[PDB]
């Protein structure tokens, strides 16, 4: 579908992003996504209750969600991470924020 992704799907994806503090469009096969999930949930202990992780490969409309996410930011890759309104981007971006110390600042409201 790609750029044919509907307003409705895109609106729905925005709703999903807003549903939990931590949003990750993931792919179980994607190493960077496994890294991101590991970082958020294992290393940084983000409670799963505070996250929505969409395994796009496990979703029948996972492709359309990816397309929606691409419309929303331009990002074509997984993982696609949002935290508290912030489009973090992919794993390498998460990594930069982790090292920056900014990820912790971003996550502060999450643990609260």
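Numbering follows the first chain given and starts at 1.
> Higher mean Cα B-factor in the deposited model: 55-63 or 74-82?
Going by the record's values, the stretch with the higher mean is 55-63.
> As stated in the PDB record, which stretch has the larger average Cα B-factor, 95-103 or 8-16?
That would be 95-103.
> Using the B-factors in the PDB entry, rank residue 36's C-alpha atom against the chain and give the third, lowest, middle or highest.
Its C-alpha B-factor, which the entry lists for residue 36, ranks in the lowest third among residues of this chain.
> Tell me, lowest, middle or highest third: where does the Cα B factor of residue 30 rank within its chain?
Tercile = highest for this residue's CA B-factor.
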